[PDB]
Structure formats: structure tokens, C-alpha cells
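In what follows, a single structure is set out as C-alpha cells and then discussed.
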Amino acid sequence: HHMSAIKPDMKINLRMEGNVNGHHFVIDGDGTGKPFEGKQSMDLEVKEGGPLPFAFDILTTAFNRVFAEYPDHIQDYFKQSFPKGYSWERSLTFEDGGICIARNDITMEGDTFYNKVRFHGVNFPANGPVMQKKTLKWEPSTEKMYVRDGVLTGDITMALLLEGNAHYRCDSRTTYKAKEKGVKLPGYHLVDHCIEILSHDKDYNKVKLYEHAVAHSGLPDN
Amino acid sequence: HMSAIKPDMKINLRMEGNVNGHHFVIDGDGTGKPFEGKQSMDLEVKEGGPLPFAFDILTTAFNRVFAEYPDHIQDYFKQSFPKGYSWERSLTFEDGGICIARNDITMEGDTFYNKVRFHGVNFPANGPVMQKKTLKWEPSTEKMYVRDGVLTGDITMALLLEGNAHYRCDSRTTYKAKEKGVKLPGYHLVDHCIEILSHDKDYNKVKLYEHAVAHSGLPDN
Amino acid sequence: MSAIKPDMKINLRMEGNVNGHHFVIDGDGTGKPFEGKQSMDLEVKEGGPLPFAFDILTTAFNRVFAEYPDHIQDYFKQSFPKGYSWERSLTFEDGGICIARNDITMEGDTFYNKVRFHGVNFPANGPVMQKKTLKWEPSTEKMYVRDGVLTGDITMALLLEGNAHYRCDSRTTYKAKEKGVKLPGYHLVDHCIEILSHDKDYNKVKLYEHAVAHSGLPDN
Amino acid sequence: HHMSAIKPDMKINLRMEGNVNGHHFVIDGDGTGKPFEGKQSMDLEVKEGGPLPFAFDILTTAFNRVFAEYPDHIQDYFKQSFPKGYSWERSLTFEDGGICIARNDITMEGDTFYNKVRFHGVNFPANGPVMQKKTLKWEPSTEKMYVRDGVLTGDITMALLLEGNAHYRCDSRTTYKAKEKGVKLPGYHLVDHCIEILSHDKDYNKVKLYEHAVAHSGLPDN
């Protein structure tokens, strides 16, 4: 199904304000993406709070499931949420007690998605891999999409690659809510994810981010 | 140390936050007795009223200075003044609801000043929080310990619900004094009891009360 | 003619498996139920010496030994002479997870305990497999009813060498054998457990626990 | 590093003893599988404790990652652990407080894998979907494989489909340990899973189980 006001190529405008371990920051983002191919890119710039005293990687998943390749046999809740848009809320529970919450209100004007992003993280240990900037990248992940109390819900077993090829686990819970009433909820399905920083300066004040996402029903069909 | 904390202190508090996309602003003015571990506060919602969620989830964000510390336990919080301290908190409810909170506590004369932030996400629409089915926080015991050079408190909390059911919440708080060299305490326990004394129908005005006592657990209590 | 006596004996036998290592431990002790105090002499019969820290087993070695005030229902003393049983999960912060069961019966002045203990996923470099634990810190068990079953959740912490701590979350469900035992309201149970003495390999251990129920501040 | 001694067609012999909510049970298993194709089937029969008073589905993932299709660019820790074999330990954390632990000692003799399985579950609510037997199936899952404390570890975001098209979440952590020294540890990778009860009698005293598993590196390389 389609009926989408979404174009094969869309612009992305993003502004994130947040606070991690008492450090405030504001980050602007501008990029493009192909929603029906599940890919998007963005140029990020730290406007306030730079250089960040924590690992930039923890913010990257907050920098839109519209950019996910959905097959025909799986309801695309996110592309059906427009032109009105949708919003999501997220909790990030790291294995060393660090906990983050995030929210994003996504709207659309013409060919541009607008993202109002907030990010708050607490209880990160001073000598943990986040505050010591020992993270290398997010590993590829698979988000489990299901309905809980009438709201589409995604749980992810995530892992940050660390120096020395160790890993730093993080459990993600996201709730997605369309702004329009009556948007049909999808059945249980999986969404493969891979997010990557293509380039960045030394202090991570400027970052180029990329993500590729594909929805599927899992084995043994797809 | 020459006692910068007085037996009777005033409390000024200002909380800004967002729970389930709903922004709110709450002002607070109250008094307390730090050496007796008791405090009261009059809360008034300035923005976002009436709140569409249970007011009880905010109450523990509305200062461990107001905790009776015995002589045999280091009082990290009373030693953090006049400069003050700050804490960060995470609240993990059993139905997926997760809250984070911060508070920057300063002191000017006989008044504590509190800059509080509160953010909650993923609360189910039919859960006891969004349906406002909570009655009170049950009495709790905070477990104080040092982790990575930071005093940490873990609490097994439970909200009493309508229908005499309970609603579990796990709390972890990290306390950090602003002055360098403040002596960290050993392992100890802090009993807590928080209670809404009165409120209007929409909880736009709330009178809150807390009593806290630190101890070493059995059999030293 | 109460089934609970002021001074009662305790007979216990634990069989278990931690990280693939099987063990059998016998226990014999005494206790004062109304004072909430008990002691026990433990002896490893199989699997000795234990390759893991003995402290993780100690809470598996009976809430009858808890001083209950009048204003709090004593579910555990009401469960006898027939007895009760509990199941327990121990979730340690480094991924180690333990489950435990205990079927408690009574004959005369003696409680009988059929205890099982199973643990998995303890890291080889963790404080349990390195035996770096010193003691359990004093804890407070949160008692409440969930789906008609009395449940206790505890924020526990093991003191380690170097004055560090090692966190463990405990949930216990208590079920009386007899139907119609009155369920208590919400209350707290302070705990303090201690190994009084032990030989070098912990093949013989003297264990002690004191427990007191209360309603928290400001009523207790 | 060495020859796996694994054949394209293997027999499977399994014996599980366990205890869930105070109920003891013994279940025997006999089936076949194709290790290089990542597929296996098994006929289960309850020898003791029948009929089971709990949902049979909670036991099915305890009924061997040898039966997983591994590409050449990913180290196959499990096929390389034979002929000597390996063992795994697992914890199952359900969202309503029910917690299970499980272990399996896997050896090999000729064309037959031997499995010594143990399973213990506690704190399942009496009115929960497990004790009321309201589960339908495991949804397709993706196991995240990584090295933790020198041990290959798999974390999975699992979900049981319930009657009423609701879902019942479960977090799984498995540690895999080869019996032989010198087995090369793999890098981070994903293992898609799909497990299904093909047939069963009314009391689940006899159950036909099937699993298909494929290892991969995630998007966009796999």
C-alpha cells in the first residue's frame, strides 16, 4: 500500500537539544534520504556544548522509521502516518546503569521532514566507555516491532563496539504514535538496522551520519 | 566544617519537565528540619495543568539533606554545603515506563534552591500512570553505596494503586558534591516515607511531606 | 498448642548446580522464630571444594525466623504445621542469574528444608568465580501481594574486597501449602545475614541471620 | 582451524529433565537435521510430569547452534567445537517476572549429537500466559552473537505470540563454551531464528519441533 505524500527523495531538517550527565548541548542536522529504499544521510553540527564530553555514538539513533524499506506484505505504519506525521519516544538502558530517554516529533512540509528531537541521559559512570569515549560504532541490529496497548512498539538488542573489539550492550524500547486517528497498526515484523558515521572531525563537532533499514518477516520467508 | 546548615531551612524549587510529550512547569516553596529528616512543600503547577498523568511519579523529585543521619554514618549531603551538590535519577517502572530526573541544589542563607528536570517516556495509555490510578508511594529503604567514586542509591519502590494492587518501580540515584574532596560514606540505608498531605481535584496545588532516617540496618537500628 | 515453638531445630539439604558444577550441602541448626534469629552449621557433602563464592547460596539457607509485630500479618507462622514453599530468582549485575526453591515442612520442633539452587552465566573473571565476596550487606525486603501470591523484592549488595559492592536483585514468591492462609498487607522485612565462621575451603560454614518485619517510617 | 567432523545429515538424541513452578518433568527427543543448511526437526515425548501444566513453548529453544547456516566470512564457533563438543547456559527473563535458566551438554558420537538438557523456571504468575497455556508460538527472532568476558554470548529479544494476538516478551542470554582448547572466537554477528511446533497432541505429551537458523553480518552485507 502507498497513498503516501512521501517522495522517493526527501530532505531532512533536524534540531536536537539535550543534556547528558549535566552537560547541555544543541545539535543541528541537515540531510537527505530515500524512504522507499530505507536509506538516509545527514550532516550534523554541534551548535552548543561542543566539544561533547561523552561518546557521540549514543546520540546517533536519535538522529525516523520512514526511511525503512517495507515490503508489500507488511503494513508500513510510518509512511501511512503522513502528511500529518508521527512522534516516537525512546528509552536507552545501558548495561552499566546509564539510562537515556529520547523523543522526536516528526512533521512534513513539502519535500522536507522536520524533526524536533530531545535527548536526556543520566547515571553514566565517569570511567565508563561513554564518558571516556571508547565507542567505535553501533553494531548492526534488528528491531522487533509489535503492538502493546494499542501502540506500535520496537525492542532492540543493541551493542556498541569498543576499543579492543569488546562490546557495550544497550536495550532500546521505542513507542511510535501516528498523529492521525485510525492509522492501521502492523503485525509482528522485524526491521534490520545499520547506522554508521561516514566522517567526522576530531572533536565530533561535525558528523556525517548514514543509516540503512529494511523491514521483513524473518525466517524462513525473508 | 562550621555548620552552614541551620535547624530550620527554607526550600525553593522549580521543576520543568515532559512526560509522554506533555510539557509542564511546577513551582515549589516549603520548609524543613534537616537534622530531623522532615520537610514540607507547597507545589503549584504553572504550565501544563491539569497534568494528564499521576502526580505521584514526580514527588520523589520534589534532597537527602533532609534525612536524619546518626553519628556513626558519614552525612555526605550535609557536608556538601554551603557549596551544594546535585543528583541524577532514573525511574524504571515494571510496565516499561522510564523516567529520568536531575536536580541542582544550591544554598543562599537559610534557603535551599532546587533546579529540577523530569522526563518520562513509554508510559502505556491504559497504565496506572496515564489513567491516574495511583494512591501513594509505599515506605521504602534506599541502599546507599559507592560506585565508580560516586555515592549511589538504589531503591525498590512500589506505588499503591486503586484496588489495593501495587506498581513496582526501580530507582537509581547518583549524588555528586560540587566541592572536591567531600568524604564519601560507607554502605548504609535510608528509610523513606513520602506523602501527599492535600491537593485540589486536578493536582494543580499539592502539599507534600517527606520523612527520612539513615541507619546501618539490622541489628543497628 | 501452636505449631511454632520458641526454640526450634532446622534440618536442611541443598542440591544444586552453579556454572556446571554440581554440589550437595547438608545443614543443621537452631533458631528462635519469635525473635527472628537462627543459626546453622553447613557441610558440603558433594562438589567440595566449591569453585564459587559461598555467599551466593546463604540466603537460600525461611521467613518464619522473622520478628513480626502485632499490626503486621505473619503469613509464615500461619503456614504451619503444614508449611509453605518459596521460589526465588537472583539477578546479579554482571549477568549471573540464579534460581532457587525450598519446600519447608515441619515435624515436632524441627523444620525440614528441601532446597534447590541453580546458577548460570557467571563470568570467570567476576567476583563470584574469583571468590572476592566478603558478606551480604544489610537489606530490606519489600513484601506485597501480586496475583494472589505474597512476593518479596530486595535490593541486595555483596561487599567485595577493596570495599566495592556487587549488586543483586532478588524476587521471592511465597506459597502456603494450606488453602485459606491470610495474606498480609504491604510491609518491610529488615535482613542481616552473616557467616560466623568457616574453614579454608568453605566445606564447613556456620551461618546466622536476623530478620525483623516493620511498616517503615514513621510507624516503625 | 580443524575439521568439524560434522556430516551433512546428523541424528539428534536429547534428554531433558527439569522443574517449572515446582512441577518436575522428563522429556525425550529424537530427530534429524542438516547442519550446513541450519535446519533440524525433532520428535519430543514427555516421559515424566505429563501432562505439563505450563506452556510447552517456553521449553522449545532449549530443545544447538551447530544447526545454523554460517557463511564463510564468519567464524563458525559451533561446528569447530566438534568432535569433542561444547556446552551452553541460558537465562530466560520474561516480562511478568518469570525467570528460567537452562543448560545443555552437547557431545557427538558418529552421526548423532547427544544433548543433556536441564531447565528450571520460577516465579511464573498463576494467571499468566505460561501457567494458563495461552501461548501460540515464538515469533521469528535474531540472536546477537558477541564475545563477553572471553566467552561467546548470544542475547535475543524474543516474543511469544499469545491468544488474542498479544505478545509476551522474553529476554534471553546464552553463553557458549567449547570443550576443546583453541577454538577461534568469532566477531560480532547475527543469527536469524525461527522455531515452530509442527504438530502435537492435545496435552503436548508428543510434540514435533522444527527450527531454521541462518547466521549473517547484518545490513547491508547480508
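No hydrogens, no waters, no symmetry mates; every other heavy atom, side chains included, goes into these values. Below, read A as the first sequence line, B as the second, and so on, with proteins coming before strands; counting in each chain starts at 1.
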Should we count [atom1] of [X] as having more than 12 external heavy atoms under 6.0 Å?
X        : atom1 : value
C:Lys132 : NZ    : no
C:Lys131 : NZ    : yes
B:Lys10  : NZ    : no
B:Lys178 : NZ    : yes

What is the minimum heavy-atom distance between B:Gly217 and C:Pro138, and which atoms define it?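 Heavy atoms of B:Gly217 and C:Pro138 come nearest at CA-CB, 4.0 Å.
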Measure the OH-CZ distance between B:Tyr145 and C:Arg167 for me, rounded to the nearest 0.5 Å.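 CZ of C:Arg167 is found 5.5 Å from OH of B:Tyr145.
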CG/B:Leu189 to OG/C:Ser139 distance, rounded to the nearest 0.5 angstrom?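 Going from CG on B:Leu189 over to OG on C:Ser139, the span is 8.0 Å.
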Suppose a student defines contact as a heavy atom less than 4.5 Å from any heavy atom of chain B. Which residues in residues 189-199 of chain C would they list?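 Residues of residues 189-199 of chain C touching chain B at under 4.5 Å: C:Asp190, C:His191, C:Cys192.
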Within residues 146-164 of chain C, which positions have a heavy-atom distance to chain B below 4.5 Å?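 Checking residues 146-164 of chain C against chain B gives C:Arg146, C:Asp153, C:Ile154, C:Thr155, C:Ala157.
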Choice from B:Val213, B:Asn221, B:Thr141, B:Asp170 maximising heavy atom contacts with chain C below 4.5 Å: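 Highest number of heavy-atom pairs under 4.5 Å: B:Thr141.
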List for me each residue that meets salt bridge (charged side-chain N to carboxylate O under 4.0 Å, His left out) alongside C:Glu178, sequence neighbours excluded, and say none if there are none.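 Partners of C:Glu178 by the salt bridge (charged side-chain N to carboxylate O under 4.0 Å, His left out) criterion, ordered by chain and then number, come out as C:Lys82.
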Side chain, backbone, both or neither: which part of B:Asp220 has a heavy atom under 4.5 Å from chain C?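 Contact with chain C involves no heavy atom of B:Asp220 at all.
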Who passes side chain to side chain donor-acceptor pair (under 3.5 Å) against C:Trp136, sequence neighbours left out?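 In terms of side chain to side chain donor-acceptor pair (under 3.5 Å), with neighbours along the sequence ignored, C:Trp136 is linked to C:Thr58.
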